[PDB]
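Protein chains in written order, with the authors' numbering: chain A, 1 to 99; chain B, 101 to 199. Okay, so here's the structure we're looking at.
Protein chains: 2
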Amino acid sequence: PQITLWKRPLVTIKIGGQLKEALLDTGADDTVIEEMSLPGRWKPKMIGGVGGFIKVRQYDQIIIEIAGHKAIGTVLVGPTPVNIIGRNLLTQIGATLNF
Amino acid sequence: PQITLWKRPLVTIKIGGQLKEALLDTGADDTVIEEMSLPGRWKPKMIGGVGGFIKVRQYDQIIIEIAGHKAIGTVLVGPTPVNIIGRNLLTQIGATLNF
Ligand SMILES: CC(C)CN(C[C@@H](O)[C@H](Cc1ccccc1)NC(=O)O[C@H]1CO[C@H]2OCC[C@H]21)S(=O)(=O)c1ccc2c(c1)OCO2
Ligand SMILES: [Cl-]
Ligand SMILES: [Cl-]
Ligand code: NA
């Protein structure tokens, strides 16, 4: 699809068996999801943005379905105000910015 | 252009006759730039990101070139960690997300 940017580019995702709404975010290096359980091991990480940093749990090799497209990668879990799909997974679904 | 996301989507902007680097950010509602001088009056704004909220200076109707495309619109100035071009100006330059 072609998504214009008049409104936030929100899509439905499936992660850990859960359906969620997330933001397709070209400014995010990483994918960051609101607090939830995921299987497997994790390690702590700090990520920073406007407003400063938050502590997250880093889970590797997590499968996510993004608007119907499957991708695998690292997912950070923590107290983000919004679910964010970052470049690590946008690349896998073939997303580009066009103008 | 068609910009892939394997690297940060950084472009050159020109504002106040100065070149700067900025991130094309579909996750940003607004455009936020590091401390600089802009003409005219400003108004207060609070913006919220990953780490919390910050105060910024809102300048309206600012002329800004983005990757060679002319835009005229609102620029927020404050302690952002990177210059971010948000959807208010991405729509002016005709940008879409495609996958
Ligand atoms: C600030 C940029 C460089 C990074 N951020 C991604 C942004 O797209 C962020 C994504 C975001 C969106 C909403 C709330 C919090 C974060 N947007 C944002 O802060 O936009 C602000 C300016 O316009 C306003 O509209 C949205 C909030 C304001 S982020 O959320 O802090 C972030 C995400 C993944 C990350 C990361 C930081 O570090 C490593 O991987
Ligand atoms: Cl990854
Ligand atoms: Cl590619
Ligand atoms: Na894992």
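Just so it is clear, CB atoms sit at the ideal spot from N, CA and C, and this is done for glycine as well.
Taking the CB atoms as reference points, tell me whether residue i and residue j lie closer together than 8 Å.
| i | j | result |
| --- | --- | --- |
| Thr-112 (chain B) | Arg-187 (chain B) | no |
| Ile-93 (chain A) | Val-75 (chain A) | no |
| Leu-5 (chain A) | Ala-171 (chain B) | no |
| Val-156 (chain B) | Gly-178 (chain B) | yes |
| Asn-183 (chain B) | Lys-120 (chain B) | yes |
| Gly-51 (chain A) | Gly-152 (chain B) | yes |
| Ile-66 (chain A) | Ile-47 (chain A) | no |
| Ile-64 (chain A) | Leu-90 (chain A) | no |
Judging by CA-CA distance, which residue of the options is the nearest neighbour of residue i?
| i | options | result |
| --- | --- | --- |
| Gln-58 (chain A) | A:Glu-34, A:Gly-52 and A:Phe-99 | A:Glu-34 |
| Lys-107 (chain B) | B:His-169, B:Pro-101, B:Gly-117 and B:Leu-123 | B:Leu-123 |
| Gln-118 (chain B) | B:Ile-103, B:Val-132, B:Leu-138 and B:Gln-102 | B:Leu-138 |
| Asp-160 (chain B) | B:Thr-180, B:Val-132 and B:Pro-181 | B:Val-132 |
| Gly-116 (chain B) | B:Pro-181, B:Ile-154, B:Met-136 and B:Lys-145 | B:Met-136 |
| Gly-73 (chain A) | A:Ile-3, A:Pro-1, A:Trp-42 and A:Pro-81 | A:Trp-42 |
Does DSSP classify residue i as helix, strand or coil?
| i | result |
| --- | --- |
| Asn-88 (chain A) | helix |
| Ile-193 (chain B) | coil |
| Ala-67 (chain A) | coil |
| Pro-44 (chain A) | strand |
| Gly-73 (chain A) | strand |
| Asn-98 (chain A) | strand |
| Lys-120 (chain B) | strand |
| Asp-60 (chain A) | strand |
| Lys-7 (chain A) | coil |
| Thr-112 (chain B) | strand |
| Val-132 (chain B) | strand |
| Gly-152 (chain B) | strand |
With a 10 Å radius around its C-beta and 16 neighbouring C-beta atoms as the bar for buried, classify residue i as buried or exposed.
| i | result |
| --- | --- |
| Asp-30 (chain A) | buried |
| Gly-49 (chain A) | buried |
| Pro-9 (chain A) | buried |
Report task. Mind listing which residues have their beta carbon within less than 7 Å of any non-hydrogen atom of ligand 4? Chain order is fine. Result -> Contact residues of ligand 4 (beta-carbon closer than 7 Å to any heavy atom; chain order) are A:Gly-40, A:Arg-41, A:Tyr-59, A:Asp-60, A:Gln-61 and A:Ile-62.
Requested in this report: For ligand 2, enumerate in chain order all residues having a CB closer than 6 Å to any of its heavy atoms.
Outcome: Cβ atoms closer than 6 Å to ligand 2 belong to A:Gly-73, A:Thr-74 and A:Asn-88.
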